[PDB]
Amino acid sequence: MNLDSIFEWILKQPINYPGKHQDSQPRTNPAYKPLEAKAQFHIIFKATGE
Amino acid sequence: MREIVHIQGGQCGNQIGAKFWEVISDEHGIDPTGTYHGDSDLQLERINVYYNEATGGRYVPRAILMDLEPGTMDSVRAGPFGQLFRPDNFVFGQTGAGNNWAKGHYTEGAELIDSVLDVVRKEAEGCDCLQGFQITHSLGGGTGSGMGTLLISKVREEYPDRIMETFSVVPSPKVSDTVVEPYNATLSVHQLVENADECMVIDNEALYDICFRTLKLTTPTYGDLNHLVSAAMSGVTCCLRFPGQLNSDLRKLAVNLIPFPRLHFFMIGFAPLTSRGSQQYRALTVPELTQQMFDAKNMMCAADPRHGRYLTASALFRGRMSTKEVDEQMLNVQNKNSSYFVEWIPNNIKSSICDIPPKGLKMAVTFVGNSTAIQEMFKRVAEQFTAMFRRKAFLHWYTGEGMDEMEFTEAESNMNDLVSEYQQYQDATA
Amino acid sequence: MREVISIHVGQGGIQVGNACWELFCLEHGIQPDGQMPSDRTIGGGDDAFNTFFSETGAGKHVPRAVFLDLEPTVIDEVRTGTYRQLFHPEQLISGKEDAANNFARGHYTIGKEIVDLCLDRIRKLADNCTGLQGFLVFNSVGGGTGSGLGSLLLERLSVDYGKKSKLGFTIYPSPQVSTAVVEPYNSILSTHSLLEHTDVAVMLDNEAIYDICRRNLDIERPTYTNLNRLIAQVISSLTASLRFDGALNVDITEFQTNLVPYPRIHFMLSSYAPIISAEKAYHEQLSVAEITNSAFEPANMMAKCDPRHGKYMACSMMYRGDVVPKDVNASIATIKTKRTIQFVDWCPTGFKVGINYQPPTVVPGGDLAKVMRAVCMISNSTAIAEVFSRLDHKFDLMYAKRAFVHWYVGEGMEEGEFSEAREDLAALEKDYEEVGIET
Amino acid sequence: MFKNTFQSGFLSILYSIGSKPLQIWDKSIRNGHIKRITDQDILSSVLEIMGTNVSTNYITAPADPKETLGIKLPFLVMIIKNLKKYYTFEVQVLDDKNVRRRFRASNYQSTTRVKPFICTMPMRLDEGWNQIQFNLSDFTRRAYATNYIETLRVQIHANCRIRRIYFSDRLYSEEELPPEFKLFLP
Amino acid sequence: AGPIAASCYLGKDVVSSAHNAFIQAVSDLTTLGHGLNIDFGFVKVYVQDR
Amino acid sequence: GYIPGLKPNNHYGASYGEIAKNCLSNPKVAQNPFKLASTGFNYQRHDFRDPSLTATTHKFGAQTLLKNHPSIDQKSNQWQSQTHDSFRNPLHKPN
Amino acid sequence: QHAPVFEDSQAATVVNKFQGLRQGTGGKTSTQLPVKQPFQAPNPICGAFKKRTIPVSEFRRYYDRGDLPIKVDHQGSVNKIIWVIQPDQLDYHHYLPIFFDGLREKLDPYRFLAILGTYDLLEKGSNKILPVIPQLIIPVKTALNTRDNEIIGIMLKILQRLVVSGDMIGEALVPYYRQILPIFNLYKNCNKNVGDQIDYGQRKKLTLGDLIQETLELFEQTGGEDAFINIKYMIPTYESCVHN
Ligand SMILES: Nc1nc2c(ncn2[C@@H]2O[C@H](COP(=O)(O)OP(=O)(O)OP(=O)(O)O)[C@@H](O)[C@H]2O)c(=O)[nH]1
Ligand SMILES: Nc1nc2c(ncn2[C@@H]2O[C@H](COP(=O)(O)OP(=O)(O)O)[C@@H](O)[C@H]2O)c(=O)[nH]1
Ligand SMILES: [Mg+2]
C-alpha cells in the first residue's frame, strides 16, 4: 500500500468505515466544484502534510 | 468412581499442585491433618475421585510428586497442608537438570523414570476404574519440560484408551526468566502435541495483567497466580465431582471441543474476578458473568482472541441457575459476535451446569475455548528459537550428551507444520 | 387387566420419569413410601393403579418402570431421594462409564455390556403382566447414551415381542437453541434407527415449551422441572383414557387405525390447553370452545413448527372433565368452518374425539391451577417436513469437512454409516411432499 | 417429453459425445464439481461427477419438477466406471395402480428392505469400466407383486464417471448391439 | 483540522471524519503483511509486517 | 415497578407472583442494624469498617471474599424441586 | 507513471448549498434521528494462501561451483542434458539432495537443469536411491511450502516418479507422511466446476485438485497395509482405494 491503495481499501467497505467521507461534499465556496469521493480525500491529506 | 490421579513435576508444577490440593481440601472440608470436619453430606459422596481411604479414617491425595532435586519438595512438605501427601510417593534425584531439556530427558530422566512408573502403575492399578490422568508442569524448565513429557509418553504407551490432560506454563517473550526458554519449549511442544489428549496453556504475563487490572492489588506474588490457576483447574472437574443440571465429565468436553485430532490446545478463564473493595456494589447475574467471561483481558493467555476465529467454546457454570437464561445468553453472544465464530460449525458453544458453587461464591463460571489465535504464540516462540539456532548458540550443552542438530531441525519443522495446519482451518469456507 | 411399562433411558428420560411418576403417585393417592394411607381415601374404585403399578400382595405398590443410564449421578440422586423405597432397588440399572455424547459408544462399545441386563429386567417385568398394552420409552435424542441405548432397545424388543405397540417421546434439539455441538449427528443416526422400529413418535422441542412457559405461565426464568411437569401432564392426559371411565374411551391400539395413514409416516407433534397460572385462572370461563380454539393456535404447539406451512392429515381429540359431546361437536364445526386450517383432500373427516370424566390433577409446588376442562392436541401434518429439512443442512455443513467423524469411526462404526442415514432422511422428506400433493 | 414418440430397440437419455450432452438434465452441486474430460482407459471423452457429501451432489434427468419424463421401455442399462468409492442412483417407477415407487441401488449399503415407497438394494461393482443392466421388470414384480407400466425419473448421484445411458428393452449381447452403443475394448 | 478545512474549502466536520477513517489503518496493519509507506510529504513512515 | 429482591439474587423457575410474595414477606429489607439516620448525623456516629480482613505480603495476597456467599445450604436442585406433600396447601384458604 | 489531477475531478448533481454553522440537534430530540455506526474490525483472513517468499536455493551456488557434471546440449529441438560422467558412478547420497534443492529455482537455466537432472537420476538409479530417502524430506517440505502453483504442480509429478521408480520405496516413506501430507489437504478440493463445456487443459496437467488425488492414489497401493490409516489420520477427507 502506497497511501493510495489505502484509499481503495477504505472506499471498498462503506459498512466497516461509515461516514461523510464515503460520498462527496459540497464546498464552502460556490466557485469550487465538489470533488470526487477519492479526489476530495487525497486533497485533504496534501493539506495536512503542508 | 471414575477416579483420576494427579502427577506434578518440577518446581513450578509442585507450586501449582500445592495450592490446587489446598483449594480442593477446603472445598471438600478436609483439615490439614486429614480429618473430615465438613458440614454438607455432598462433600463426601464422590471423594473417591481424588482421595484414598486409609486405615484409621484419614484421607490422602493420590498425588505423585516428581522432581530432579530434593530442595523444592522439602519446601512443599513443610508448608501448610504438606502432611496430606504420602511420604512414599516422593521421588527425587540428587543432581538436578540445570534447565537442560536434554539432561532431563536422556541422561538423568531415563535412569530415574523406572521408580515413578512403578509408583504410578501401583496407584493406577489400585483404583477400581480409572478415568484419566492430569499433569501440571512448565515448559520453561529442564526437569519438568523433559521428564514430564517422557513420562506422558510412557503413560500413553501403557494406557491407550485413557484421558490425558495437562496444564502448560508457556514462556512469554516480554517476561522471561531463563535465557534458554525457546529451546526446551519447542522440544517439549514437539512431544506434547503428539502425546497429550488435552493441553491447556497458561502465560505468566496474562496472569500478571489480570492481577494488576481486574483484582487491582498492588503487589502480586506467586501465591495469587497459583490460586487463580488452581481455581480454574478445579472448575473443570467440579461437574465430575458434584451433581448438576447437565453433568459433563472430562471425556464429554474433549469430544465436543476437538474437531480434528491434532488441535487440542486451549485457553482458559475464570469468572467472576473482582477487587476486594468493589464487591459490595456488583450484582452477580448470568449476563454479567458472560460479558466478563468473553472479555479478551480475562483470558489466561497472551494470545488475543479477536485476532482469530473461535472453533469451539465451552462454558462451565457453577451454582444453581435457570437453564433458559444460559442458553439465551450463549445464543445472544454467538449472534452478536458472528465474525469471530467459524461458519461451518453451527452452534459452536457448549454449556454445562453444576449446582454446587465454589467456596465463597454464589455463582462462578469456567471458560474453555478453542480459538485460532494461538497461532501467534507458536509463531513468536519459533522466531526466537530460530534466531538463537542460526548461530548455533547454547548448543554444545544439549549436544554434549547424544543429541544432533537433525533433531532440532525436525522439531522446528514440526512446529511450523502445526502452525500451517492450524491456520488452514481459520480461512476455510463452505 | 391392562398394563403398560415405561422405559426411561438417559438423563433426560430419567429426569422426566421422576416428574411423571410423582404425578402418577399423586393422582392415584399413593404416598411416596408406596403405602396407601389407611384413612383419607381420595379415589373410589379398585385396580386403577393396576395399569401403572403392581400390587405386592400385602402393603406397598411398585411402579412398572425401569431406569437406564451409563453414568451413576442421576441414578444416585433418585436412589437417595424421597422415593428410595418406591422403586425396586435392582431395576435402577446404572452403568460405569458415560458415552460422552457418542452414539457409536452408546451403540457399539458399552451399551452391549448392559443391554443383556436391560432385557432380563424387561422380561421379569413383562411376564408379570397378562393383558399388556404397550411400552412407553422416554429419551433425549441429542445425547449419545439416550440415542444409542434407545436404538438398541427398540431393535431388541422389535424381534423379542414383534407386533406389540411402542411409543417414543423424543426431545429434538431446537432450531437455534442448543447445548452441545454434535447433536445433529447422533440425532440423525437415532432417527434412522427408530424410523422402522417405533409405532408413534411425539415431538417435544424445548424452545416451544420455553415459549409456552414465558407467555402463559408468566415465568421469566423457567428451568427443566417445569418442562418435565408439562410433559408429565401431557402423558397423564394421554393415558387417562385407560384407567378412568368416560363417555368415549380411546385405547392405545386405536392409534394406528386413526392417526397413521402410512407406515413410513408416524412422526407427529403435540400441544396442550389450557395452560394458565392461578393468579388469573379463575377470571375466565375456560369454556370448551375457547380451550379448543387455544389448542389449535399455531403458537401453542409443543414443537417449534408452524402448522400453517402445511396441510393437516389427522388430528385426535382427548377431553377430560365435564365436557359435553354436543359442545364438542359445535367446537369441531367451528374449527372446520375456520379457513386458516386446511386439510388434505383425500381425508374428508380427520377428527377423533375422546371424552373422560376425571379432571386433571394439580400438584403442590407446581405452577398450574385447578381447571375442569383440558384438551390434548395430537395431530399429524405435512408441516413437520421443515424440522427434518433444517437439521439436514445442519448436518451437511459439518459432514462436508469430516468434522467430528473420527470419534465415531474409532468406536467400531464404519465411515459409510452416515450416508444411508442421510438417504433415509432424504427419502422421508420426499415422502412428505409426495403425500401432500393433491390428486 | 419422450411421450407420444417412437422407440423400438434403444433410446438414449445421456451421451458424453456431443456439443452439449445434457439439455434435459439438471445439475445441483454443493461441494462437488462437474466437467467433461477424456479417459485414459478408453480413448474417448467422458463426463465427470465428483465431490464429497454424496447425497447433496447429483444430477436429475428432468430439468424442472412438476412434470413427467415418461418412457415405456422396460429394460434399463448404464455405462459406469468403478472409482472404488461411494456411488448410488435412483429411478422413479409407476405401477398398475396410480402410485409411484422408488428403487435405490447403493454401493456402501449392505442390507435391503421393502417399503411402500422405497425399496433399497445393495449392489457390487467390479474393477474398471463395466455396464449394469437394471432389469426393472422382476424388481417391481418381486418387491410389490405389481406389473410395470411406466417409469418417470432417473437420478444419478456424485462420484462416478458416466459414458452412456440407454434402454435396451430386452436382454442384449454385444454382437447385436450397434457399435455406438458398444464400448470398444482398449 | 480547522485551518486544514479552510485551505481545502471544505466543512470542518467532514475533514475530522476523514481523519478518523484513515487513523483506522491499524486494522490494515494487524492483518499479516500489508506493508506501508506513509509519506504525505517530508517524513516517510515505512511499516513492514509488524 | 421494582419488586425489591428479585433483581440482585435472581429468583429461580417459578411464577412471578409467587416469588414476589416470597421476597416481600421475607425479613430484612427494613430494620436498623446500625440505627443510622438518612439525615446524616449517625454517619458520624457509625464507624464503617468491615470485620472480614486479615493481613498480607510475603505469602499470598488475594484474601477471602465478603460474606455475600452461601454456606452449608449447598444442596441439589432435585432436592428442592421434588418433594411429595410437605408444603402449604395451594387451595386451603380457610373459611 | 500517471495520476489524474485531484483538484480537478468533480461531481455534478451534488448541490453546492452549504449548511454552515446553522445546524444543531439540540431541542429536536425526535426518535427518528440518525445514530453513529461505530467502526468494526474487518474479518481476519490471515496468510493461508499468501505467497511464501521462496527461500534461496543451494543449486544455483553449486552450478556456479562448476562441480556438478551436467551440460546443456542444444543439438535437439528441446535442450537435453548430457552426463559428462555416467550417473551410475556418482554418489547419490551427495548429489541427489542437491538436485532436489534446485526444484525451487525459477531462473533459467537453474530451473531447467533441476527437473531434467532429477528425472535421469531417479530413472537410472536401481537400488541405492532408498538410503537417500531420509535426506530428501527437508527439500520436499520446503518447496511444497512455497504455495505457488507452478512449483507445486511440477514437483508432485516428481513425487509420483519417486514412488514408482523402484520397489520398497513406498514402504520406507510411510513413517514420513506427517511432514508432507498437510499441504495436500489445503489443495485437495482446489478444483474448478467447469460444468459441461470441454476443459482443454488436459494436455498440461495444471489442475491441482486432480493431481493431488492421483498422487495419493499411488501412495496407498505402494505404501502397504499401514499406508491407508496414516493418510486418513493426516487428511480427514480421504477414502480407501485398494479396499473394496
Ligand atoms: N426437555 C428436557 N431435555 C433435557 C433435559 N435434560 C437434558 N435434556 C436434553 O438432553 C440433551 C443431552 O442429553 P443429556 O442430558 O446429556 O443425557 P443423555 O441423552 O443420556 O446423554 P449423555 O450425557 O451422554 O448421557 C440436551 O441437548 C438437552 O436438550 C431436561 O431436563 N428436559
Ligand atoms: N505460576 C507460577 N509460575 C512459576 C512459579 N515459579 C516459577 N514459575 C515459572 O517457571 C519458569 C521456570 O521453570 P523451572 O522452575 O525452571 O521448571 P523446572 O526446571 O521443571 O523446575 C519461570 O519462567 C517462571 O515463570 C510459581 O510459583 N508460580
Ligand atoms: Mg446424559
# chains A, B, ... in the order shown; residues from 1 in each chain; ligands from 1
call {"tool": "closest_atom_pairs", "arguments": {"of": "chain F", "to": "chain B", "cutoff": "7 Å", "atoms": "only C-alpha atoms", "output": "Markdown table"}}
result
| residue | atom | partner | partner_atom | distance |
| --- | --- | --- | --- | --- |
| F:8 | CA | B:283 | CA | 5.4 |
| F:12 | CA | B:322 | CA | 6.4 |
| F:13 | CA | B:322 | CA | 6.6 |
| F:59 | CA | B:223 | CA | 6.4 |
| F:60 | CA | B:223 | CA | 4.6 |
| F:61 | CA | B:224 | CA | 6.3 |
| F:62 | CA | B:224 | CA | 6.2 |
| F:65 | CA | B:360 | CA | 6.2 |
| F:69 | CA | B:361 | CA | 5.1 |
| F:70 | CA | B:362 | CA | 6.1 |
| F:72 | CA | B:40 | CA | 6.0 |
| F:74 | CA | B:356 | CA | 6.0 |
| F:75 | CA | B:356 | CA | 7.0 |
| F:76 | CA | B:355 | CA | 5.8 |
| F:77 | CA | B:355 | CA | 6.9 |
call {"tool": "write_last_selection", "arguments": {"atoms": "N, CA and C atoms", "output": "mmCIF file, in the first residue's frame"}}
result
data_model
loop_
_atom_site.group_PDB
_atom_site.id
_atom_site.type_symbol
_atom_site.label_atom_id
_atom_site.label_comp_id
_atom_site.auth_asym_id
_atom_site.auth_seq_id
_atom_site.Cartn_x
_atom_site.Cartn_y
_atom_site.Cartn_z
ATOM 1 N N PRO F 8 -31.255 -8.579 42.326
ATOM 2 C CA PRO F 8 -29.853 -8.884 42.666
ATOM 3 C C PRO F 8 -29.534 -10.369 42.758
ATOM 4 N N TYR F 12 -35.678 -18.199 41.047
ATOM 5 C CA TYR F 12 -35.499 -19.362 40.194
ATOM 6 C C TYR F 12 -36.768 -19.588 39.374
ATOM 7 N N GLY F 13 -36.873 -20.749 38.735
ATOM 8 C CA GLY F 13 -38.041 -21.024 37.926
ATOM 9 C C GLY F 13 -39.304 -21.170 38.748
ATOM 10 N N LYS F 59 3.538 -13.785 51.495
ATOM 11 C CA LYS F 59 2.885 -15.034 51.121
ATOM 12 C C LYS F 59 1.398 -14.801 50.883
ATOM 13 N N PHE F 60 0.956 -14.887 49.625
ATOM 14 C CA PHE F 60 -0.460 -14.841 49.261
ATOM 15 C C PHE F 60 -1.064 -13.461 49.518
ATOM 16 N N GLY F 61 -1.787 -12.925 48.537
ATOM 17 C CA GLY F 61 -2.348 -11.595 48.679
ATOM 18 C C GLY F 61 -3.742 -11.409 48.114
ATOM 19 N N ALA F 62 -4.563 -12.459 48.125
ATOM 20 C CA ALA F 62 -5.867 -12.383 47.475
ATOM 21 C C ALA F 62 -6.994 -12.080 48.455
ATOM 22 N N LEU F 65 -13.389 -13.687 50.190
ATOM 23 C CA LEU F 65 -14.371 -12.709 49.750
ATOM 24 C C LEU F 65 -15.309 -12.318 50.888
ATOM 25 N N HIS F 69 -22.045 -14.692 50.185
ATOM 26 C CA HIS F 69 -21.988 -16.018 49.580
ATOM 27 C C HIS F 69 -22.723 -17.033 50.449
ATOM 28 N N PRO F 70 -23.304 -18.074 49.861
ATOM 29 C CA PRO F 70 -23.989 -19.092 50.662
ATOM 30 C C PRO F 70 -23.012 -20.063 51.307
ATOM 31 N N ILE F 72 -23.174 -24.003 53.769
ATOM 32 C CA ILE F 72 -23.904 -25.121 54.369
ATOM 33 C C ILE F 72 -25.109 -25.506 53.517
ATOM 34 N N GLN F 74 -25.577 -25.698 50.553
ATOM 35 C CA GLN F 74 -25.284 -26.338 49.276
ATOM 36 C C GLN F 74 -26.105 -27.613 49.137
ATOM 37 N N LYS F 75 -26.989 -27.639 48.146
ATOM 38 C CA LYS F 75 -27.948 -28.721 48.011
ATOM 39 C C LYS F 75 -28.546 -28.686 46.610
ATOM 40 N N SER F 76 -28.722 -29.871 46.031
ATOM 41 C CA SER F 76 -29.020 -30.016 44.614
ATOM 42 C C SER F 76 -30.425 -29.521 44.277
ATOM 43 N N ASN F 77 -30.671 -29.369 42.972
ATOM 44 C CA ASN F 77 -31.955 -28.852 42.506
ATOM 45 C C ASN F 77 -33.071 -29.872 42.687
#
call {"tool": "residues_near_ligand", "arguments": {"ligand": "ligand 1", "cutoff": "9 Å", "atoms": "only C-alpha atoms and all ligand atoms", "output": "ChimeraX atom specification"}}
result
/B:245-249,252 /C:9-16,69-71,98-103,106,139-147,149,170-174,177-180,183,204-206,209,223-228,231
call {"tool": "write_last_selection", "arguments": {"atoms": "C-alpha atoms", "output": "PDB file, in the first residue's frame"}}
result
ATOM      1  CA  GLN B 245     -28.398 -29.964  35.734  1.00  0.00           C
ATOM      2  CA  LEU B 246     -26.118 -31.040  32.856  1.00  0.00           C
ATOM      3  CA  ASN B 247     -23.320 -33.306  34.057  1.00  0.00           C
ATOM      4  CA  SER B 248     -20.313 -33.426  31.730  1.00  0.00           C
ATOM      5  CA  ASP B 249     -17.109 -35.264  32.635  1.00  0.00           C
ATOM      6  CA  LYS B 252     -17.530 -35.231  27.162  1.00  0.00           C
TER       7      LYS B 252
ATOM      8  CA  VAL C   9     -33.166 -44.146  29.161  1.00  0.00           C
ATOM      9  CA  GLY C  10     -30.681 -41.308  29.512  1.00  0.00           C
ATOM     10  CA  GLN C  11     -30.500 -38.325  31.826  1.00  0.00           C
ATOM     11  CA  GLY C  12     -33.435 -36.547  30.198  1.00  0.00           C
ATOM     12  CA  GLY C  13     -35.531 -39.699  30.309  1.00  0.00           C
ATOM     13  CA  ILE C  14     -34.766 -40.207  33.999  1.00  0.00           C
ATOM     14  CA  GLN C  15     -35.483 -36.570  34.864  1.00  0.00           C
ATOM     15  CA  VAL C  16     -38.835 -36.628  33.067  1.00  0.00           C
ATOM     16  CA  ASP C  69     -28.178 -44.946  32.496  1.00  0.00           C
ATOM     17  CA  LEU C  70     -24.457 -45.376  31.933  1.00  0.00           C
ATOM     18  CA  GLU C  71     -23.376 -42.634  34.402  1.00  0.00           C
ATOM     19  CA  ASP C  98     -20.538 -42.354  30.277  1.00  0.00           C
ATOM     20  CA  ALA C  99     -20.618 -42.471  26.483  1.00  0.00           C
ATOM     21  CA  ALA C 100     -19.933 -38.700  26.397  1.00  0.00           C
ATOM     22  CA  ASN C 101     -22.461 -37.833  23.672  1.00  0.00           C
ATOM     23  CA  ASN C 102     -21.122 -40.569  21.362  1.00  0.00           C
ATOM     24  CA  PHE C 103     -23.804 -42.570  19.559  1.00  0.00           C
ATOM     25  CA  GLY C 106     -23.778 -45.967  23.114  1.00  0.00           C
ATOM     26  CA  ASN C 139     -35.225 -40.377  25.700  1.00  0.00           C
ATOM     27  CA  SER C 140     -33.457 -37.136  24.833  1.00  0.00           C
ATOM     28  CA  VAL C 141     -32.486 -37.564  21.200  1.00  0.00           C
ATOM     29  CA  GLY C 142     -29.480 -35.225  21.262  1.00  0.00           C
ATOM     30  CA  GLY C 143     -27.489 -37.391  23.652  1.00  0.00           C
ATOM     31  CA  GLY C 144     -25.220 -40.282  22.794  1.00  0.00           C
ATOM     32  CA  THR C 145     -26.308 -42.573  25.623  1.00  0.00           C
ATOM     33  CA  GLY C 146     -30.009 -41.943  25.103  1.00  0.00           C
ATOM     34  CA  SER C 147     -29.867 -42.311  21.325  1.00  0.00           C
ATOM     35  CA  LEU C 149     -29.395 -47.251  24.088  1.00  0.00           C
ATOM     36  CA  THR C 170     -38.231 -37.749  21.716  1.00  0.00           C
ATOM     37  CA  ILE C 171     -36.931 -34.279  22.597  1.00  0.00           C
ATOM     38  CA  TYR C 172     -35.434 -32.796  19.444  1.00  0.00           C
ATOM     39  CA  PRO C 173     -32.828 -30.010  19.553  1.00  0.00           C
ATOM     40  CA  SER C 174     -34.135 -26.515  18.940  1.00  0.00           C
ATOM     41  CA  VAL C 177     -31.049 -23.189  20.957  1.00  0.00           C
ATOM     42  CA  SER C 178     -28.593 -25.985  21.711  1.00  0.00           C
ATOM     43  CA  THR C 179     -26.208 -27.227  24.394  1.00  0.00           C
ATOM     44  CA  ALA C 180     -23.793 -29.499  22.505  1.00  0.00           C
ATOM     45  CA  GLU C 183     -26.335 -33.306  18.317  1.00  0.00           C
ATOM     46  CA  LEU C 204     -41.118 -32.245  22.242  1.00  0.00           C
ATOM     47  CA  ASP C 205     -38.690 -29.479  21.266  1.00  0.00           C
ATOM     48  CA  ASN C 206     -37.601 -27.404  24.259  1.00  0.00           C
ATOM     49  CA  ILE C 209     -42.052 -25.243  25.769  1.00  0.00           C
ATOM     50  CA  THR C 223     -35.943 -24.456  34.257  1.00  0.00           C
ATOM     51  CA  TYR C 224     -36.150 -28.107  33.227  1.00  0.00           C
ATOM     52  CA  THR C 225     -38.537 -29.020  36.054  1.00  0.00           C
ATOM     53  CA  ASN C 226     -41.417 -27.017  34.573  1.00  0.00           C
ATOM     54  CA  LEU C 227     -40.895 -28.599  31.149  1.00  0.00           C
ATOM     55  CA  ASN C 228     -40.886 -32.063  32.712  1.00  0.00           C
ATOM     56  CA  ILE C 231     -44.670 -33.269  29.624  1.00  0.00           C
TER      57      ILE C 231
END
call {"tool": "residues_around", "arguments": {"residues": "range 33-40 of chain E", "least_positions_apart": "2", "cutoff": "7 Å", "atoms": "only C-alpha atoms", "output": "list in words"}}
result
residues 1, 2, 3, 45, 46 and 49 of chain A; 28, 29, 31, 42, 43, 44, 45, 46, 47, 48 and 49 of chain E
call {"tool": "residues_around", "arguments": {"residues": "range 115-132 of chain C", "least_positions_apart": "3", "cutoff": "9 Å", "atoms": "only C-alpha atoms", "output": "ChimeraX atom specification"}}
result
/C:1-5,7,51,54,64-66,68,90-91,93,111-112,135,149,152-153,156-157,164
call {"tool": "write_last_selection", "arguments": {"atoms": "C-alpha atoms", "output": "compact mmCIF listing (two decimals), in the first residue's frame"}}
result
# COMPACT_ATOMS: atom_id res chain seq x y z
CA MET C 1 -56.10 -56.39 33.34
CA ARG C 2 -54.41 -53.74 31.19
CA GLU C 3 -50.76 -52.88 31.83
CA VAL C 4 -48.01 -50.75 30.30
CA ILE C 5 -44.30 -50.43 31.09
CA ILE C 7 -38.67 -47.37 29.97
CA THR C 51 -52.27 -50.05 34.68
CA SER C 54 -48.22 -53.74 40.66
CA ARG C 64 -43.99 -50.81 36.28
CA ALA C 65 -40.93 -48.75 35.37
CA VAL C 66 -37.22 -49.26 34.78
CA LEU C 68 -31.42 -46.90 32.48
CA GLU C 90 -32.28 -53.68 41.22
CA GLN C 91 -34.40 -52.17 38.42
CA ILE C 93 -29.71 -50.15 36.24
CA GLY C 111 -24.29 -50.42 25.69
CA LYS C 112 -23.88 -54.10 24.81
CA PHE C 135 -44.28 -49.82 26.08
CA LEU C 149 -29.39 -47.25 24.09
CA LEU C 152 -30.52 -50.94 20.73
CA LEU C 153 -33.57 -51.40 22.98
CA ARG C 156 -34.15 -55.91 20.52
CA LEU C 157 -37.80 -55.51 21.53
CA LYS C 164 -46.51 -55.04 20.38
call {"tool": "closest_atom_pairs", "arguments": {"of": "chain B", "to": "ligand 2", "cutoff": "10 Å", "atoms": "only C-alpha atoms and all ligand atoms", "output": "Markdown table"}}
result
| residue | atom | partner | partner_atom_place_in_ligand_line | distance |
| --- | --- | --- | --- | --- |
| B:8 | CA | ligand 2 | 20 (O) | 9.7 |
| B:9 | CA | ligand 2 | 20 (O) | 6.3 |
| B:10 | CA | ligand 2 | 20 (O) | 3.4 |
| B:11 | CA | ligand 2 | 21 (O) | 3.8 |
| B:12 | CA | ligand 2 | 5 (C) | 4.6 |
| B:13 | CA | ligand 2 | 20 (O) | 7.0 |
| B:14 | CA | ligand 2 | 27 (O) | 8.4 |
| B:15 | CA | ligand 2 | 27 (O) | 5.2 |
| B:16 | CA | ligand 2 | 28 (N) | 6.4 |
| B:19 | CA | ligand 2 | 27 (O) | 9.8 |
| B:66 | CA | ligand 2 | 20 (O) | 9.7 |
| B:67 | CA | ligand 2 | 20 (O) | 7.5 |
| B:68 | CA | ligand 2 | 21 (O) | 8.3 |
| B:69 | CA | ligand 2 | 21 (O) | 8.7 |
| B:72 | CA | ligand 2 | 21 (O) | 8.6 |
| B:96 | CA | ligand 2 | 19 (O) | 8.5 |
| B:97 | CA | ligand 2 | 19 (O) | 6.9 |
| B:98 | CA | ligand 2 | 19 (O) | 7.2 |
| B:99 | CA | ligand 2 | 19 (O) | 5.4 |
| B:100 | CA | ligand 2 | 19 (O) | 8.2 |
| B:101 | CA | ligand 2 | 19 (O) | 8.8 |
| B:104 | CA | ligand 2 | 19 (O) | 8.9 |
| B:137 | CA | ligand 2 | 20 (O) | 6.7 |
| B:138 | CA | ligand 2 | 17 (O) | 5.6 |
| B:139 | CA | ligand 2 | 13 (O) | 7.1 |
| B:140 | CA | ligand 2 | 13 (O) | 4.9 |
| B:141 | CA | ligand 2 | 16 (O) | 3.4 |
| B:142 | CA | ligand 2 | 19 (O) | 4.4 |
| B:143 | CA | ligand 2 | 20 (O) | 4.4 |
| B:144 | CA | ligand 2 | 20 (O) | 3.2 |
| B:145 | CA | ligand 2 | 20 (O) | 6.0 |
| B:146 | CA | ligand 2 | 20 (O) | 8.1 |
| B:147 | CA | ligand 2 | 20 (O) | 8.4 |
| B:148 | CA | ligand 2 | 20 (O) | 8.6 |
| B:169 | CA | ligand 2 | 9 (C) | 7.1 |
| B:170 | CA | ligand 2 | 23 (O) | 7.9 |
| B:171 | CA | ligand 2 | 23 (O) | 5.8 |
| B:172 | CA | ligand 2 | 23 (O) | 8.3 |
| B:175 | CA | ligand 2 | 25 (O) | 7.8 |
| B:176 | CA | ligand 2 | 23 (O) | 5.9 |
| B:177 | CA | ligand 2 | 23 (O) | 4.9 |
| B:178 | CA | ligand 2 | 23 (O) | 6.3 |
| B:179 | CA | ligand 2 | 23 (O) | 9.8 |
| B:181 | CA | ligand 2 | 23 (O) | 7.9 |
| B:202 | CA | ligand 2 | 1 (N) | 8.3 |
| B:203 | CA | ligand 2 | 25 (O) | 8.3 |
| B:204 | CA | ligand 2 | 25 (O) | 5.9 |
| B:205 | CA | ligand 2 | 25 (O) | 8.7 |
| B:207 | CA | ligand 2 | 1 (N) | 8.1 |
| B:208 | CA | ligand 2 | 1 (N) | 9.7 |
| B:221 | CA | ligand 2 | 27 (O) | 8.2 |
| B:222 | CA | ligand 2 | 27 (O) | 4.6 |
| B:223 | CA | ligand 2 | 27 (O) | 6.7 |
| B:224 | CA | ligand 2 | 1 (N) | 8.4 |
| B:225 | CA | ligand 2 | 1 (N) | 5.2 |
| B:226 | CA | ligand 2 | 1 (N) | 5.3 |
| B:227 | CA | ligand 2 | 1 (N) | 8.9 |
| B:228 | CA | ligand 2 | 1 (N) | 9.0 |
| B:229 | CA | ligand 2 | 1 (N) | 7.6 |
| B:230 | CA | ligand 2 | 1 (N) | 10.0 |
call {"tool": "closest_residue", "arguments": {"among": "C:175, C:44, C:148, C:184", "to": "ligand 3", "atoms": "only C-alpha atoms and all ligand atoms"}}
result
C:148
call {"tool": "decode", "arguments": {"residues": "range 36-48 of chain A", "atoms": "C-alpha atoms", "output": "short mmCIF file (atom, residue, chain, number, x, y, z; two decimals), in the first residue's frame"}}
result
data_model
loop_
_atom_site.label_atom_id
_atom_site.label_comp_id
_atom_site.auth_asym_id
_atom_site.auth_seq_id
_atom_site.Cartn_x
_atom_site.Cartn_y
_atom_site.Cartn_z
CA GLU A 36 -14.85 13.10 -6.32
CA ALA A 37 -15.02 10.87 -3.26
CA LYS A 38 -11.48 9.68 -3.95
CA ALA A 39 -10.25 13.06 -5.20
CA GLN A 40 -11.59 15.08 -2.25
CA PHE A 41 -9.99 12.65 0.18
CA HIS A 42 -6.46 12.99 -1.22
CA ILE A 43 -6.60 16.80 -1.27
CA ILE A 44 -7.25 16.79 2.48
CA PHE A 45 -4.04 14.84 3.10
CA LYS A 46 -1.91 17.17 0.96
CA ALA A 47 -3.19 20.00 3.15
CA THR A 48 -2.26 18.04 6.29
#
